[PDB]
file query.cif (mmCIF, N, CA and C atoms)
data_coords
loop_
_atom_site.label_atom_id
_atom_site.label_comp_id
_atom_site.auth_asym_id
_atom_site.auth_seq_id
_atom_site.Cartn_x
_atom_site.Cartn_y
_atom_site.Cartn_z
N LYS I 1 76.65 142.70 135.64
CA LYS I 1 77.65 141.82 136.28
C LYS I 1 77.25 140.35 136.12
N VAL I 2 78.23 139.50 135.83
CA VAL I 2 78.00 138.07 135.71
C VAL I 2 78.64 137.45 136.97
N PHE I 3 77.79 136.97 137.88
CA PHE I 3 78.27 136.37 139.13
C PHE I 3 78.91 135.00 138.93
N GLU I 4 79.83 134.67 139.84
CA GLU I 4 80.45 133.37 139.84
C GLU I 4 79.46 132.64 140.75
N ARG I 5 79.36 131.32 140.60
CA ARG I 5 78.43 130.50 141.39
C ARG I 5 78.44 130.75 142.90
N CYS I 6 79.56 130.45 143.57
CA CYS I 6 79.60 130.62 145.02
C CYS I 6 79.48 132.06 145.53
N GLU I 7 79.96 133.03 144.73
CA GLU I 7 79.89 134.45 145.06
C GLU I 7 78.40 134.82 145.15
N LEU I 8 77.62 134.32 144.21
CA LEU I 8 76.20 134.59 144.21
C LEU I 8 75.49 133.89 145.39
N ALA I 9 75.87 132.63 145.66
CA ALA I 9 75.26 131.88 146.76
C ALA I 9 75.36 132.66 148.08
N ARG I 10 76.54 133.21 148.37
CA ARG I 10 76.72 133.99 149.60
C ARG I 10 76.00 135.33 149.53
N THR I 11 75.95 135.92 148.34
CA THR I 11 75.27 137.20 148.13
C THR I 11 73.76 137.05 148.43
N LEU I 12 73.16 135.98 147.91
CA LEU I 12 71.75 135.71 148.15
C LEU I 12 71.53 135.37 149.64
N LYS I 13 72.48 134.68 150.25
CA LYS I 13 72.33 134.33 151.66
C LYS I 13 72.31 135.59 152.53
N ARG I 14 73.24 136.50 152.27
CA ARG I 14 73.32 137.73 153.03
C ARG I 14 72.06 138.58 152.87
N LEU I 15 71.39 138.41 151.73
CA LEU I 15 70.17 139.14 151.42
C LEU I 15 68.90 138.50 152.00
N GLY I 16 69.08 137.40 152.73
CA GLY I 16 67.96 136.71 153.36
C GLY I 16 67.16 135.74 152.51
N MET I 17 67.77 135.20 151.47
CA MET I 17 67.07 134.28 150.57
C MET I 17 67.02 132.82 151.00
N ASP I 18 67.90 132.43 151.91
CA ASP I 18 67.95 131.05 152.37
C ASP I 18 66.72 130.66 153.19
N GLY I 19 65.84 129.89 152.56
CA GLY I 19 64.61 129.44 153.18
C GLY I 19 63.48 130.46 153.09
N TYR I 20 63.68 131.53 152.31
CA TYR I 20 62.64 132.54 152.17
C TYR I 20 61.42 131.90 151.52
N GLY I 21 60.28 131.97 152.19
CA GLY I 21 59.06 131.37 151.66
C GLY I 21 59.19 129.86 151.50
N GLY I 22 60.03 129.25 152.33
CA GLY I 22 60.25 127.81 152.28
C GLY I 22 61.13 127.37 151.12
N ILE I 23 61.74 128.34 150.43
CA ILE I 23 62.60 128.05 149.27
C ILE I 23 64.08 128.03 149.63
N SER I 24 64.73 126.89 149.44
CA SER I 24 66.14 126.77 149.75
C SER I 24 67.01 127.65 148.83
N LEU I 25 68.22 127.94 149.29
CA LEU I 25 69.16 128.74 148.53
C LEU I 25 69.48 128.04 147.20
N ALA I 26 69.63 126.72 147.23
CA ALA I 26 69.93 125.94 146.02
C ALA I 26 68.85 126.15 144.95
N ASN I 27 67.59 126.26 145.38
CA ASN I 27 66.51 126.50 144.44
C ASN I 27 66.66 127.88 143.78
N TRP I 28 67.00 128.90 144.57
CA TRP I 28 67.19 130.25 144.02
C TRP I 28 68.38 130.27 143.06
N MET I 29 69.42 129.51 143.37
CA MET I 29 70.60 129.43 142.51
C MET I 29 70.22 128.76 141.19
N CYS I 30 69.45 127.68 141.26
CA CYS I 30 69.04 126.97 140.06
C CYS I 30 68.18 127.88 139.19
N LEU I 31 67.36 128.71 139.83
CA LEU I 31 66.51 129.65 139.12
C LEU I 31 67.35 130.69 138.36
N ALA I 32 68.26 131.36 139.08
CA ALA I 32 69.14 132.38 138.49
C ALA I 32 70.00 131.80 137.38
N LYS I 33 70.51 130.59 137.59
CA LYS I 33 71.36 129.92 136.60
C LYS I 33 70.64 129.71 135.27
N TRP I 34 69.47 129.10 135.35
CA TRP I 34 68.70 128.84 134.14
C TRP I 34 68.01 130.06 133.57
N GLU I 35 67.71 131.06 134.41
CA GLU I 35 67.07 132.26 133.89
C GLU I 35 68.03 133.19 133.16
N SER I 36 69.20 133.44 133.75
CA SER I 36 70.16 134.39 133.17
C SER I 36 71.64 133.98 133.11
N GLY I 37 71.98 132.82 133.64
CA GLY I 37 73.38 132.42 133.66
C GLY I 37 74.11 133.29 134.67
N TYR I 38 73.36 133.78 135.66
CA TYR I 38 73.88 134.63 136.76
C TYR I 38 74.27 136.03 136.29
N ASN I 39 73.64 136.49 135.21
CA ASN I 39 73.94 137.79 134.61
C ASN I 39 72.86 138.81 134.95
N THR I 40 73.24 139.87 135.68
CA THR I 40 72.31 140.92 136.09
C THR I 40 71.77 141.80 134.96
N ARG I 41 72.44 141.84 133.81
CA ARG I 41 71.95 142.68 132.71
C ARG I 41 71.25 141.89 131.61
N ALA I 42 70.88 140.66 131.93
CA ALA I 42 70.20 139.80 130.98
C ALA I 42 68.83 140.39 130.72
N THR I 43 68.39 140.38 129.46
CA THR I 43 67.07 140.91 129.11
C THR I 43 66.55 140.04 128.01
N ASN I 44 65.24 139.91 127.95
CA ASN I 44 64.62 139.09 126.91
C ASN I 44 63.32 139.77 126.56
N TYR I 45 63.19 140.20 125.31
CA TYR I 45 61.97 140.86 124.86
C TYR I 45 61.03 139.77 124.33
N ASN I 46 59.77 139.88 124.72
CA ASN I 46 58.75 138.92 124.31
C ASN I 46 57.88 139.62 123.29
N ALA I 47 58.13 139.34 122.02
CA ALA I 47 57.41 139.99 120.91
C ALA I 47 55.91 139.74 120.93
N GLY I 48 55.54 138.54 121.39
CA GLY I 48 54.14 138.15 121.46
C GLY I 48 53.28 139.04 122.33
N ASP I 49 53.74 139.38 123.53
CA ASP I 49 52.93 140.22 124.41
C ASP I 49 53.55 141.57 124.76
N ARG I 50 54.64 141.90 124.07
CA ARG I 50 55.33 143.18 124.23
C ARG I 50 55.88 143.45 125.63
N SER I 51 56.21 142.38 126.35
CA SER I 51 56.76 142.54 127.68
C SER I 51 58.25 142.23 127.56
N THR I 52 59.00 142.51 128.62
CA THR I 52 60.43 142.23 128.67
C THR I 52 60.78 141.62 130.04
N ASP I 53 61.68 140.65 130.04
CA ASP I 53 62.15 139.99 131.25
C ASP I 53 63.46 140.66 131.60
N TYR I 54 63.60 141.06 132.86
CA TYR I 54 64.78 141.79 133.33
C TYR I 54 65.63 141.19 134.44
N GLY I 55 66.94 141.21 134.21
CA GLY I 55 67.89 140.80 135.23
C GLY I 55 68.20 139.35 135.49
N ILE I 56 68.85 139.14 136.63
CA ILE I 56 69.31 137.82 137.05
C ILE I 56 68.19 136.80 137.22
N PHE I 57 67.00 137.27 137.58
CA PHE I 57 65.86 136.37 137.75
C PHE I 57 64.87 136.51 136.62
N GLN I 58 65.23 137.29 135.60
CA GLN I 58 64.35 137.52 134.47
C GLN I 58 62.91 137.83 134.87
N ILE I 59 62.74 138.88 135.67
CA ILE I 59 61.43 139.30 136.15
C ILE I 59 60.72 140.09 135.04
N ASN I 60 59.46 139.73 134.80
CA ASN I 60 58.64 140.31 133.73
C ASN I 60 57.97 141.66 133.97
N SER I 61 58.05 142.51 132.95
CA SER I 61 57.51 143.86 133.01
C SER I 61 55.99 144.01 133.05
N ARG I 62 55.26 142.97 132.66
CA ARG I 62 53.80 143.06 132.66
C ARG I 62 53.23 143.19 134.04
N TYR I 63 53.86 142.54 135.01
CA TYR I 63 53.34 142.54 136.37
C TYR I 63 54.22 143.09 137.47
N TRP I 64 55.53 142.95 137.32
CA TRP I 64 56.44 143.30 138.40
C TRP I 64 57.22 144.58 138.46
N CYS I 65 57.56 145.14 137.30
CA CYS I 65 58.31 146.37 137.28
C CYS I 65 57.81 147.28 136.16
N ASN I 66 58.11 148.57 136.26
CA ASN I 66 57.68 149.51 135.23
C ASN I 66 58.78 149.92 134.25
N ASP I 67 58.52 149.73 132.96
CA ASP I 67 59.46 150.11 131.92
C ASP I 67 58.80 151.11 130.96
N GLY I 68 57.57 151.50 131.28
CA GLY I 68 56.82 152.46 130.49
C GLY I 68 56.43 152.06 129.07
N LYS I 69 56.81 150.87 128.63
CA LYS I 69 56.48 150.46 127.28
C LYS I 69 55.74 149.13 127.14
N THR I 70 55.23 148.59 128.25
CA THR I 70 54.49 147.33 128.23
C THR I 70 53.03 147.71 128.41
N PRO I 71 52.20 147.47 127.38
CA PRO I 71 50.77 147.78 127.37
C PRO I 71 49.96 147.24 128.54
N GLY I 72 49.23 148.12 129.20
CA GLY I 72 48.38 147.73 130.32
C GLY I 72 49.07 146.98 131.45
N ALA I 73 50.36 147.24 131.63
CA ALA I 73 51.14 146.56 132.67
C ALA I 73 50.99 147.20 134.04
N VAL I 74 51.38 146.45 135.07
CA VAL I 74 51.35 146.96 136.43
C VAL I 74 52.78 146.86 136.95
N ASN I 75 52.97 147.28 138.20
CA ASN I 75 54.30 147.33 138.82
C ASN I 75 54.19 146.94 140.30
N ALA I 76 53.99 145.64 140.54
CA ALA I 76 53.81 145.11 141.90
C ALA I 76 55.02 145.23 142.82
N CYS I 77 56.23 145.28 142.25
CA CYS I 77 57.43 145.45 143.08
C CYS I 77 57.70 146.93 143.32
N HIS I 78 56.94 147.78 142.61
CA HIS I 78 57.07 149.24 142.69
C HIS I 78 58.51 149.66 142.45
N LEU I 79 59.04 149.20 141.33
CA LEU I 79 60.41 149.49 140.92
C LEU I 79 60.45 149.78 139.43
N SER I 80 61.47 150.51 139.01
CA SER I 80 61.67 150.76 137.59
C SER I 80 62.36 149.45 137.19
N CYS I 81 62.07 148.93 136.00
CA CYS I 81 62.72 147.71 135.56
C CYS I 81 64.24 147.91 135.54
N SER I 82 64.67 149.17 135.39
CA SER I 82 66.10 149.51 135.41
C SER I 82 66.75 149.00 136.70
N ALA I 83 66.00 149.03 137.80
CA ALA I 83 66.49 148.60 139.11
C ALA I 83 66.89 147.13 139.10
N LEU I 84 66.32 146.39 138.16
CA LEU I 84 66.59 144.97 138.01
C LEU I 84 67.78 144.72 137.08
N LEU I 85 68.41 145.78 136.59
CA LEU I 85 69.59 145.61 135.73
C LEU I 85 70.86 146.10 136.44
N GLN I 86 70.76 146.34 137.76
CA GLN I 86 71.88 146.83 138.56
C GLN I 86 72.84 145.69 138.90
N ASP I 87 74.14 145.99 139.07
CA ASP I 87 75.12 144.98 139.46
C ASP I 87 74.76 144.52 140.87
N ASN I 88 74.28 145.46 141.68
CA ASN I 88 73.87 145.14 143.04
C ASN I 88 72.47 144.55 142.95
N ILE I 89 72.32 143.31 143.40
CA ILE I 89 71.05 142.61 143.30
C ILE I 89 70.04 142.76 144.44
N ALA I 90 70.25 143.69 145.37
CA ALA I 90 69.30 143.86 146.47
C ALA I 90 67.87 144.08 146.01
N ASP I 91 67.68 144.99 145.04
CA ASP I 91 66.35 145.27 144.54
C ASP I 91 65.73 144.08 143.80
N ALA I 92 66.55 143.36 143.04
CA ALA I 92 66.07 142.18 142.31
C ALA I 92 65.60 141.11 143.32
N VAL I 93 66.35 140.96 144.41
CA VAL I 93 66.02 140.00 145.47
C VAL I 93 64.72 140.41 146.19
N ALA I 94 64.56 141.70 146.48
CA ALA I 94 63.34 142.16 147.14
C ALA I 94 62.14 141.89 146.21
N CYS I 95 62.35 142.06 144.91
CA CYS I 95 61.26 141.82 143.98
C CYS I 95 60.98 140.32 143.85
N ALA I 96 62.03 139.50 143.83
CA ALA I 96 61.86 138.05 143.73
C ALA I 96 61.09 137.53 144.96
N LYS I 97 61.32 138.13 146.12
CA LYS I 97 60.62 137.76 147.35
C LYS I 97 59.14 138.09 147.17
N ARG I 98 58.85 139.25 146.60
CA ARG I 98 57.47 139.68 146.35
C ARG I 98 56.77 138.72 145.37
N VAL I 99 57.50 138.26 144.36
CA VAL I 99 56.94 137.35 143.37
C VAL I 99 56.45 136.05 144.02
N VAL I 100 57.26 135.49 144.91
CA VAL I 100 56.88 134.24 145.55
C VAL I 100 55.77 134.35 146.60
N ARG I 101 55.39 135.57 146.98
CA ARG I 101 54.28 135.72 147.92
C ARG I 101 52.96 135.50 147.19
N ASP I 102 53.02 135.35 145.87
CA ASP I 102 51.83 135.11 145.09
C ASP I 102 51.46 133.62 145.19
N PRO I 103 50.23 133.25 144.77
CA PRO I 103 49.71 131.88 144.81
C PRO I 103 50.64 130.73 144.40
N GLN I 104 51.44 130.96 143.36
CA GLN I 104 52.36 129.95 142.83
C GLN I 104 53.68 129.77 143.56
N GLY I 105 54.14 130.81 144.25
CA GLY I 105 55.43 130.68 144.90
C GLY I 105 56.50 130.60 143.81
N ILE I 106 57.52 129.77 144.02
CA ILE I 106 58.63 129.63 143.07
C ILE I 106 58.18 129.11 141.69
N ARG I 107 57.02 128.46 141.65
CA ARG I 107 56.46 127.95 140.41
C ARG I 107 56.09 129.06 139.41
N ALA I 108 56.10 130.31 139.87
CA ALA I 108 55.80 131.44 138.99
C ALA I 108 56.73 131.45 137.77
N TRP I 109 57.98 131.04 137.98
CA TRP I 109 58.97 130.98 136.93
C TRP I 109 58.89 129.62 136.26
N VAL I 110 58.41 129.59 135.02
CA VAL I 110 58.30 128.32 134.30
C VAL I 110 59.65 127.59 134.18
N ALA I 111 60.75 128.32 134.04
CA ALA I 111 62.05 127.67 133.92
C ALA I 111 62.41 126.87 135.18
N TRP I 112 61.92 127.30 136.33
CA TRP I 112 62.20 126.59 137.58
C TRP I 112 61.49 125.24 137.48
N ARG I 113 60.25 125.26 137.02
CA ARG I 113 59.53 124.00 136.85
C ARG I 113 60.27 123.09 135.85
N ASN I 114 60.79 123.68 134.78
CA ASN I 114 61.50 122.91 133.77
C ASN I 114 62.86 122.33 134.18
N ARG I 115 63.69 123.12 134.86
CA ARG I 115 65.04 122.65 135.21
C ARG I 115 65.41 122.52 136.67
N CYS I 116 64.50 122.85 137.58
CA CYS I 116 64.79 122.77 139.01
C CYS I 116 63.84 121.91 139.85
N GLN I 117 62.55 121.97 139.55
CA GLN I 117 61.54 121.21 140.29
C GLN I 117 61.81 119.72 140.20
N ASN I 118 61.78 119.05 141.35
CA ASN I 118 62.02 117.61 141.45
C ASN I 118 63.36 117.18 140.84
N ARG I 119 64.34 118.07 140.91
CA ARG I 119 65.68 117.79 140.41
C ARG I 119 66.64 117.82 141.59
N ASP I 120 67.83 117.28 141.39
CA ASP I 120 68.88 117.29 142.42
C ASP I 120 69.59 118.64 142.25
N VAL I 121 69.26 119.63 143.08
CA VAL I 121 69.88 120.95 142.95
C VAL I 121 71.00 121.26 143.92
N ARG I 122 71.40 120.28 144.74
CA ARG I 122 72.46 120.48 145.73
C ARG I 122 73.75 121.02 145.11
N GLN I 123 74.02 120.63 143.88
CA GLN I 123 75.21 121.06 143.17
C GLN I 123 75.43 122.57 143.10
N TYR I 124 74.34 123.34 143.11
CA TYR I 124 74.42 124.79 143.01
C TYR I 124 75.03 125.50 144.23
N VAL I 125 75.00 124.86 145.39
CA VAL I 125 75.56 125.46 146.60
C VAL I 125 76.73 124.68 147.21
N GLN I 126 77.08 123.54 146.63
CA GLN I 126 78.17 122.73 147.19
C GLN I 126 79.50 123.47 147.18
N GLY I 127 80.15 123.51 148.34
CA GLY I 127 81.44 124.17 148.47
C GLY I 127 81.42 125.69 148.62
N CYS I 128 80.23 126.29 148.67
CA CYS I 128 80.12 127.75 148.79
C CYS I 128 80.13 128.30 150.22
N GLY I 129 80.12 127.41 151.20
CA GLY I 129 80.12 127.83 152.59
C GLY I 129 78.81 128.47 153.03
N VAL I 130 77.71 128.05 152.44
CA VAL I 130 76.40 128.60 152.79
C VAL I 130 75.55 127.54 153.51
#

call {"tool": "encode", "arguments": {"input": "query.cif", "output": "structure tokens"}}
result
Amino acid sequence: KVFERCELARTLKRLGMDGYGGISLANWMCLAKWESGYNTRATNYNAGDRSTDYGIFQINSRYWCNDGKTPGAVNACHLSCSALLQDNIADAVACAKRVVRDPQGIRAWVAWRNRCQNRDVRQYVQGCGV
């Protein structure tokens, strides 16, 4: 599923993402936007390390989910990577919450540092009623 901007903003809010780990909803929107264009079935194979990024938040198979084909990988979210390709994003959100409990927080996603950190992200939630 490819979410519309405001539809996703309210979806993430209902899932408890607003201010989760000190991260505003606008930051999560900016992350999803730049990671997948709000598309839950987005995937990106990384030929260099044989891992794959899954879903709306492009969560990586080396550490967060199990796809059975990433060498020496772990599964910290204790989910099948398939769970991150569902139209319903509850599992992806629970995993994204787990990701930010690590030392880096939202900085774990390099794209957030590239297109969201120290940027004006208010635009992602304006008019969404969140």

call {"tool": "closest_residue", "arguments": {"input": "query.cif", "among": "I:84, I:108, I:26, I:32", "to": "residue I:124", "atoms": "only C-alpha atoms"}}
result
I:26

call {"tool": "resolve_selection", "arguments": {"input": "query.cif", "expression": "the PyMOL selection byres ((chain I and resi 41) around 5)", "output": "ChimeraX atom specification"}}
result
/I:1,39-40,42-43,55,85

call {"tool": "select_by_dssp", "arguments": {"input": "query.cif", "residues": "chain I", "states": "strand (DSSP E or B)", "output": "count of residues only"}}
result
16

call {"tool": "atom_distance", "arguments": {"input": "query.cif", "atom1": "atom C of residue I:70", "atom2": "atom C of residue I:48"}}
result
10.6 Å

call {"tool": "closest_residue", "arguments": {"input": "query.cif", "among": "I:8, I:116, I:79, I:73", "to": "residue I:30", "atoms": "all atoms listed in the file"}}
result
I:116

call {"tool": "axis_aligned_box", "arguments": {"input": "query.cif", "around": "stretch 102-118 of chain I", "padding_each_side": "4 Å", "output": "lines of an AutoDock Vina configuration file"}}
result
center_x = 57.6
center_y = 126.3
center_z = 139.8
size_x = 23.7
size_y = 26.2
size_z = 20.1

call {"tool": "residues_near_point", "arguments": {"input": "query.cif", "point": "(82.4, 126.7, 147.3)", "cutoff": "9 Å", "atoms": "only C-alpha atoms", "output": "JSON, numbers by chain"}}
result
{"I": [5, 6, 7, 9, 125, 126, 127, 128, 129, 130]}

call {"tool": "residues_around", "arguments": {"input": "query.cif", "residues": "residue I:58", "least_positions_apart": "5", "cutoff": "6 Å", "atoms": "only N, CA and C atoms", "output": "VMD selection string"}}
result
chain I and resid 35 to 36 53

call {"tool": "resolve_selection", "arguments": {"input": "query.cif", "expression": "the PyMOL selection byres ((chain I and resi 51) around 7)", "output": "PyMOL selection string"}}
result
chain I and resi 44-50+52-53+60-62+69-71

call {"tool": "closest_atom_pairs", "arguments": {"input": "query.cif", "of": "stretch 24-73 of chain I", "to": "stretch 94-100 of chain I", "cutoff": "8 Å", "atoms": "all atoms listed in the file", "output": "Markdown table"}}
result
| residue | atom | partner | partner_atom | distance |
| --- | --- | --- | --- | --- |
| I:57 | CA | I:96 | CA | 7.4 |
| I:59 | CA | I:96 | CA | 7.7 |
| I:64 | C | I:95 | CA | 7.4 |

call {"tool": "atom_distance", "arguments": {"input": "query.cif", "atom1": "atom N of residue I:66", "atom2": "atom C of residue I:91"}}
result
11.6 Å

call {"tool": "atom_distance", "arguments": {"input": "query.cif", "atom1": "atom CA of residue I:63", "atom2": "atom CA of residue I:103"}}
result
14.1 Å

call {"tool": "select_by_dssp", "arguments": {"input": "query.cif", "residues": "chain I", "states": "helix (DSSP H, G or I)", "output": "PyMOL selection string"}}
result
chain I and resi 5-14+25-36+81-85+90-100+105-108+110-115+122-124

call {"tool": "closest_residue", "arguments": {"input": "query.cif", "among": "I:34, I:28, I:54, I:20", "to": "residue I:86", "atoms": "all atoms listed in the file"}}
result
I:54

call {"tool": "closest_residue", "arguments": {"input": "query.cif", "among": "I:83, I:117, I:106, I:2", "to": "residue I:23", "atoms": "all atoms listed in the file"}}
result
I:106
